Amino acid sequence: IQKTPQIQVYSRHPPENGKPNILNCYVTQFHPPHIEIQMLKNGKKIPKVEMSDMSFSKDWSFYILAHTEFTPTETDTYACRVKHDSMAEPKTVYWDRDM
């Protein structure tokens, strides 16, 4: 009855170096509810990430959003790392500014 999280990373606005933005990590369709979600800047945990928009779909799977404010630069990298019982090892999804 275990369901594997789908993980999606994206910014609020089209990224521009030097302009304030919001980075999002939306983690969805998972079960059971216990989960660890970390946002990373250059391999290092970003402190003070907000968790919001917790809900469930009609088949009861869990949805949740992590977000944080950020200002992109040419070389800063961003990712979301998720730990969940459905997965043997943590899954890391990288922000792709050109997607």
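Each form is matched to the other, and the largest set of C-alpha atoms that superpose within 1.5 Å is called the rigid core. From 1 onward, residues are counted along the sequence shown.
Per-stretch RMS Cα distance to the displayed form in 7 other deposited structures of this protein, following rigid core alignment, is highest for 48-56 when 48-56 and 62-70 are compared. When the mean C-alpha temperature factors of 24-32 and 53-61 are read from the deposited coordinates, 53-61 comes out higher. Of the two segments examined, 6-14 and 83-91, it is 83-91 that shows the higher average Cα temperature factor in the deposited entry. Annotation for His67: CA B-factor lies in the lowest third of the chain's modelled residues.
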